[PDB]
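Engineer: Got input_8.txt for you, compact mmCIF, N, CA and C atoms and all ligand atoms:
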# COMPACT_ATOMS: atom_id res chain seq x y z
N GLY J 1 -4.38 -9.53 7.06
CA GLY J 1 -5.64 -9.01 6.48
C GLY J 1 -5.39 -7.89 5.51
N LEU J 2 -6.31 -7.68 4.58
CA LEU J 2 -6.19 -6.61 3.59
C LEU J 2 -6.20 -5.25 4.26
N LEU J 3 -6.82 -5.13 5.43
CA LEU J 3 -6.83 -3.85 6.14
C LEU J 3 -5.40 -3.43 6.51
N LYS J 4 -4.62 -4.35 7.06
CA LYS J 4 -3.23 -4.05 7.38
C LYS J 4 -2.41 -3.89 6.12
N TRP J 5 -2.74 -4.63 5.08
CA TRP J 5 -2.05 -4.50 3.80
C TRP J 5 -2.20 -3.08 3.26
N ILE J 6 -3.42 -2.56 3.28
CA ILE J 6 -3.68 -1.20 2.80
C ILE J 6 -2.99 -0.18 3.70
N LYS J 7 -3.01 -0.38 5.02
CA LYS J 7 -2.30 0.52 5.94
C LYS J 7 -0.79 0.50 5.70
N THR J 8 -0.27 -0.64 5.27
CA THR J 8 1.16 -0.77 4.97
C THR J 8 1.48 -0.05 3.65
N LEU J 9 0.60 -0.15 2.67
CA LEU J 9 0.77 0.54 1.39
C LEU J 9 0.75 2.06 1.59
N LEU J 10 -0.12 2.52 2.48
CA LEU J 10 -0.21 3.94 2.81
C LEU J 10 1.08 4.40 3.50
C1 LIG S 1 -11.56 -5.20 7.89
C2 LIG S 1 -12.95 -5.73 7.48
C3 LIG S 1 -13.66 -4.77 6.48
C4 LIG S 1 -15.08 -5.28 6.12
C5 LIG S 1 -15.77 -4.46 4.99
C6 LIG S 1 -15.26 -4.78 3.54
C7 LIG S 1 -15.74 -6.19 3.05
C8 LIG S 1 -15.35 -6.52 1.57
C9 LIG S 1 -13.82 -6.62 1.26
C10 LIG S 1 -13.02 -7.69 2.07
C11 LIG S 1 -12.19 -7.04 3.21
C12 LIG S 1 -11.25 -8.04 3.91
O1 LIG S 1 -10.52 -7.30 4.92
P1 LIG S 1 -9.47 -8.08 5.83
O2 LIG S 1 -8.54 -7.18 6.53
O3 LIG S 1 -8.75 -9.15 5.10
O4 LIG S 1 -10.65 -8.62 6.76
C13 LIG S 1 -10.40 -9.73 7.63
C14 LIG S 1 -11.68 -9.95 8.49
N1 LIG S 1 -11.61 -11.12 9.54
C15 LIG S 1 -10.49 -10.89 10.58
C16 LIG S 1 -12.95 -11.15 10.30
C17 LIG S 1 -11.44 -12.48 8.86
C1 LIG S 2 -17.89 -1.42 7.27
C2 LIG S 2 -18.57 -2.22 8.40
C3 LIG S 2 -17.75 -3.49 8.77
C4 LIG S 2 -18.45 -4.32 9.89
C5 LIG S 2 -17.54 -5.45 10.46
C6 LIG S 2 -17.43 -6.68 9.52
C7 LIG S 2 -16.32 -7.67 10.00
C8 LIG S 2 -16.20 -8.93 9.10
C9 LIG S 2 -15.44 -8.63 7.78
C10 LIG S 2 -15.21 -9.89 6.91
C11 LIG S 2 -14.38 -9.51 5.64
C12 LIG S 2 -13.92 -10.75 4.86
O1 LIG S 2 -12.90 -11.43 5.62
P1 LIG S 2 -12.39 -12.85 5.13
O2 LIG S 2 -11.10 -13.24 5.72
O3 LIG S 2 -12.39 -13.01 3.66
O4 LIG S 2 -13.64 -13.54 5.84
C13 LIG S 2 -13.65 -14.97 5.97
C14 LIG S 2 -15.12 -15.48 5.98
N1 LIG S 2 -15.89 -15.46 4.60
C15 LIG S 2 -15.13 -16.23 3.50
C16 LIG S 2 -17.25 -16.13 4.83
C17 LIG S 2 -16.15 -14.02 4.12
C1 LIG S 3 -11.89 3.22 -1.00
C2 LIG S 3 -11.60 1.80 -0.47
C3 LIG S 3 -11.07 0.88 -1.59
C4 LIG S 3 -10.56 -0.49 -1.04
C5 LIG S 3 -10.14 -1.44 -2.20
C6 LIG S 3 -9.45 -2.73 -1.69
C7 LIG S 3 -9.23 -3.73 -2.86
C8 LIG S 3 -8.33 -4.93 -2.45
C9 LIG S 3 -8.14 -5.90 -3.64
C10 LIG S 3 -7.14 -7.06 -3.34
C11 LIG S 3 -7.07 -8.04 -4.55
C12 LIG S 3 -6.00 -9.13 -4.38
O1 LIG S 3 -6.09 -10.01 -5.52
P1 LIG S 3 -4.82 -10.89 -5.92
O2 LIG S 3 -4.20 -11.59 -4.77
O3 LIG S 3 -3.83 -10.16 -6.73
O4 LIG S 3 -5.76 -11.85 -6.78
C13 LIG S 3 -6.05 -11.52 -8.16
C14 LIG S 3 -6.95 -12.65 -8.75
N1 LIG S 3 -6.96 -12.76 -10.31
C15 LIG S 3 -5.58 -13.15 -10.86
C16 LIG S 3 -7.94 -13.87 -10.69
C17 LIG S 3 -7.42 -11.46 -10.99
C1 LIG S 4 -11.61 -7.77 -2.40
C2 LIG S 4 -11.19 -8.91 -3.34
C3 LIG S 4 -10.14 -9.84 -2.69
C4 LIG S 4 -9.86 -11.09 -3.57
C5 LIG S 4 -8.73 -11.99 -2.98
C6 LIG S 4 -8.74 -13.43 -3.58
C7 LIG S 4 -8.23 -13.50 -5.05
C8 LIG S 4 -8.38 -14.92 -5.68
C9 LIG S 4 -9.84 -15.23 -6.13
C10 LIG S 4 -9.97 -16.69 -6.69
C11 LIG S 4 -11.44 -17.06 -7.08
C12 LIG S 4 -11.87 -16.44 -8.44
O1 LIG S 4 -13.24 -16.81 -8.75
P1 LIG S 4 -14.44 -15.96 -8.09
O2 LIG S 4 -14.12 -14.53 -7.91
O3 LIG S 4 -14.99 -16.58 -6.86
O4 LIG S 4 -15.29 -16.26 -9.40
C13 LIG S 4 -16.60 -15.66 -9.51
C14 LIG S 4 -17.19 -15.93 -10.94
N1 LIG S 4 -17.92 -17.32 -11.13
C15 LIG S 4 -19.17 -17.42 -10.24
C16 LIG S 4 -18.38 -17.40 -12.60
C17 LIG S 4 -16.97 -18.50 -10.86
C1 LIG S 5 0.66 8.27 -3.65
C2 LIG S 5 2.03 7.61 -3.39
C3 LIG S 5 2.87 8.44 -2.40
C4 LIG S 5 4.31 7.90 -2.22
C5 LIG S 5 5.14 8.76 -1.22
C6 LIG S 5 4.86 8.40 0.27
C7 LIG S 5 5.36 9.51 1.25
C8 LIG S 5 5.46 9.02 2.73
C9 LIG S 5 4.07 8.78 3.41
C10 LIG S 5 4.24 8.14 4.82
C11 LIG S 5 2.87 7.72 5.41
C12 LIG S 5 3.06 6.80 6.65
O1 LIG S 5 1.81 6.15 6.96
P1 LIG S 5 0.92 6.74 8.14
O2 LIG S 5 0.13 7.92 7.74
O3 LIG S 5 1.68 6.99 9.39
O4 LIG S 5 0.08 5.38 8.18
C13 LIG S 5 -1.20 5.30 7.53
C14 LIG S 5 -2.08 4.20 8.22
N1 LIG S 5 -2.45 4.45 9.74
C15 LIG S 5 -3.08 5.84 9.97
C16 LIG S 5 -3.49 3.41 10.14
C17 LIG S 5 -1.23 4.28 10.67
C1 LIG S 6 -13.66 -4.78 -9.76
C2 LIG S 6 -12.42 -4.59 -10.66
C3 LIG S 6 -12.37 -3.15 -11.26
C4 LIG S 6 -11.06 -2.89 -12.07
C5 LIG S 6 -9.85 -2.45 -11.19
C6 LIG S 6 -8.65 -1.98 -12.05
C7 LIG S 6 -7.51 -1.32 -11.21
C8 LIG S 6 -6.48 -2.33 -10.64
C9 LIG S 6 -5.22 -1.59 -10.10
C10 LIG S 6 -4.10 -2.57 -9.65
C11 LIG S 6 -2.80 -1.81 -9.24
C12 LIG S 6 -1.70 -2.80 -8.80
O1 LIG S 6 -0.56 -2.07 -8.31
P1 LIG S 6 0.60 -2.88 -7.59
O2 LIG S 6 1.45 -3.67 -8.53
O3 LIG S 6 0.14 -3.70 -6.46
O4 LIG S 6 1.28 -1.50 -7.16
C13 LIG S 6 0.89 -0.86 -5.92
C14 LIG S 6 1.43 0.61 -5.91
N1 LIG S 6 2.97 0.78 -5.60
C15 LIG S 6 3.87 -0.04 -6.54
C16 LIG S 6 3.32 2.26 -5.80
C17 LIG S 6 3.29 0.41 -4.13
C1 LIG S 7 -6.26 9.70 7.90
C2 LIG S 7 -4.96 8.91 7.67
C3 LIG S 7 -4.34 9.23 6.28
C4 LIG S 7 -2.99 8.51 6.09
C5 LIG S 7 -2.38 8.81 4.69
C6 LIG S 7 -0.94 8.22 4.57
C7 LIG S 7 -0.37 8.33 3.14
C8 LIG S 7 0.30 9.72 2.86
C9 LIG S 7 0.71 9.84 1.37
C10 LIG S 7 1.54 11.12 1.09
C11 LIG S 7 1.56 11.45 -0.42
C12 LIG S 7 2.85 12.16 -0.85
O1 LIG S 7 2.71 12.49 -2.25
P1 LIG S 7 3.88 13.30 -2.98
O2 LIG S 7 4.97 13.72 -2.07
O3 LIG S 7 3.39 14.43 -3.80
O4 LIG S 7 4.26 12.00 -3.83
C13 LIG S 7 3.46 11.64 -4.98
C14 LIG S 7 4.34 10.72 -5.88
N1 LIG S 7 3.66 10.18 -7.18
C15 LIG S 7 3.12 11.30 -8.08
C16 LIG S 7 4.74 9.43 -7.98
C17 LIG S 7 2.52 9.20 -6.87
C1 LIG S 8 -6.59 7.08 3.40
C2 LIG S 8 -7.39 6.93 4.71
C3 LIG S 8 -8.32 5.68 4.68
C4 LIG S 8 -9.19 5.59 5.95
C5 LIG S 8 -10.10 4.34 5.95
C6 LIG S 8 -10.98 4.25 7.23
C7 LIG S 8 -11.81 2.94 7.26
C8 LIG S 8 -12.57 2.76 8.59
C9 LIG S 8 -13.38 1.43 8.58
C10 LIG S 8 -14.15 1.19 9.91
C11 LIG S 8 -15.15 0.01 9.77
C12 LIG S 8 -15.78 -0.38 11.11
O1 LIG S 8 -14.81 -1.18 11.85
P1 LIG S 8 -15.04 -1.39 13.42
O2 LIG S 8 -14.36 -2.59 13.95
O3 LIG S 8 -16.46 -1.33 13.83
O4 LIG S 8 -14.24 -0.04 13.68
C13 LIG S 8 -14.15 0.43 15.04
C14 LIG S 8 -13.27 1.72 15.08
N1 LIG S 8 -14.01 3.07 14.79
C15 LIG S 8 -15.06 3.39 15.87
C16 LIG S 8 -12.95 4.17 14.82
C17 LIG S 8 -14.68 3.09 13.40
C1 LIG S 9 -10.08 6.20 0.79
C2 LIG S 9 -9.44 6.55 -0.57
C3 LIG S 9 -7.92 6.22 -0.58
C4 LIG S 9 -7.30 6.46 -1.98
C5 LIG S 9 -5.80 6.08 -2.00
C6 LIG S 9 -5.21 6.11 -3.43
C7 LIG S 9 -3.73 5.65 -3.42
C8 LIG S 9 -3.12 5.63 -4.85
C9 LIG S 9 -1.64 5.15 -4.82
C10 LIG S 9 -0.92 5.38 -6.18
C11 LIG S 9 0.57 4.96 -6.08
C12 LIG S 9 1.37 5.42 -7.31
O1 LIG S 9 2.77 5.29 -7.01
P1 LIG S 9 3.83 5.61 -8.17
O2 LIG S 9 5.18 5.90 -7.64
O3 LIG S 9 3.38 6.64 -9.12
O4 LIG S 9 3.68 4.11 -8.72
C13 LIG S 9 4.73 3.56 -9.55
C14 LIG S 9 4.63 4.17 -11.00
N1 LIG S 9 5.95 4.09 -11.85
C15 LIG S 9 6.35 2.63 -12.12
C16 LIG S 9 5.66 4.78 -13.19
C17 LIG S 9 7.13 4.83 -11.18
Have the structure of the file written as structure tokens, please.
Structural biologist:
Amino acid sequence: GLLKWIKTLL
């Protein structure tokens, strides 16, 4: 999901 994607980018 994009939520985990954003958390990974952070
Ligand atoms: C995490 C949901 C945020 C909802 C508010 C934002 C909506 C507009 C942008 C789209 C955000 C998508 O996000 P995600 O991680 O791929 O959603 C996956 C959701 N399910 C597991 C139910 C399929
Ligand atoms: C900020 C308040 C959030 C409330 C919780 C909302 C949870 C659901 C988020 C859903 C985000 C999009 O996910 P997705 O994988 O593209 O959806 C697959 C299904 N559709 C193609 C019909 C959108
Ligand atoms: C403050 C919160 C902000 C959250 C913002 C999240 C945005 C997530 C956007 C994810 C976009 C992923 O698009 P992609 O796979 O590269 O497709 C690009 C498609 N075209 C080639 C037709 C342009
Ligand atoms: C938060 C954003 C996540 C996006 C992730 C998916 C990227 C790939 C999108 C591929 C579909 C691009 O056509 P659309 O946008 O449906 O065309 C809308 C415009 N018309 C009605 C004129 C056709
Ligand atoms: C602006 C670009 C800066 C580049 C430099 C990065 C420096 C290192 C930052 C390391 C941040 C590590 O992530 P975190 O806070 O533990 O996880 C954020 C997501 N959760 C809270 C859900 C776990
Ligand atoms: C609704 C549309 C409005 C227009 C949005 C225009 C802004 C699009 C920004 C797209 C930026 C793409 O960065 P990327 O290659 O994934 O790098 C991620 C960052 N690091 C390399 C440091 C990890
Ligand atoms: C509430 C949870 C928040 C989690 C936030 C996690 C991300 C932390 C990011 C830490 C940022 C560190 O920036 P800095 O060392 O000055 O590098 C900036 C480098 N550029 C100028 C090239 C972009
Ligand atoms: C750089 C820091 C970015 C922080 C982004 C925070 C986004 C939060 C989105 C939350 C949307 C709602 O989701 P939910 O399933 O009802 O949440 C249940 C969990 N809480 C009770 C803690 C909300
Ligand atoms: C809820 C609001 C959250 C907002 C979070 C904003 C995050 C923005 C991340 C910005 C990441 C920038 O990385 P950077 O090393 O300069 O990129 C690579 C650039 N060079 C190729 C020139 C080295």
Engineer: Can you write out as a tab-separated table which residues of chain J fall within 8 Å of ligand LIG 3 (chain S), alongside each residue's closest atom pair and its distance in Å to one decimal, counting only N, CA and C atoms and all ligand atoms and ordering rows by chain and ascending residue number?
Structural biologist:
residue	atom	partner	partner_atom	distance
J:2	CA	S:LIG3	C8	6.6
J:3	N	S:LIG3	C6	8.0
J:6	CA	S:LIG3	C6	7.5
Engineer: Let me have the centre and edge lengths in Å, one decimal, of the box along x, y and z around every listed atom of ligand LIG 6 (chain S) with 8 Å of margin on each side, as lines of an AutoDock Vina configuration file.
Structural biologist:
center_x = -4.9
center_y = -1.3
center_z = -8.1
size_x = 33.5
size_y = 23.0
size_z = 23.9
Engineer: Kindly compile the residues surrounding ligand LIG 5 (chain S) within 7 Å, counting only C-alpha atoms and all ligand atoms, and format them as a list in words.
Structural biologist: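 Protein and nucleic-acid residues within 7 Å of ligand LIG 5 (chain S): residues 7, 8 and 10 of chain J.
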Engineer: Name the residues of chain J that come out as alpha helix (DSSP H) in a backbone DSSP run; write them as number ranges by chain.
Structural biologist: J: 2-9
Engineer: Could you state the separation of atom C9 of ligand LIG 8 (chain S) and atom N of residue 1 in chain J in Å, given to one decimal place?
Structural biologist: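 If I compute the distance from atom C9 of ligand LIG 8 (chain S) to atom N of residue 1 in chain J, I get 14.3 Å.
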Engineer: Expressed in Å to a single decimal, how great is the separation between atom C13 of ligand LIG 2 (chain S) and CA of residue 9 in chain J?
Structural biologist: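 Interatomic distance, atom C13 of ligand LIG 2 (chain S) to CA of residue 9 in chain J: 21.7 Å.
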Engineer: Would you mind reading off the distance between atom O2 of ligand LIG 1 (chain S) and atom C of residue 5 in chain J, one decimal, in Å?
Structural biologist: 8.2 Å
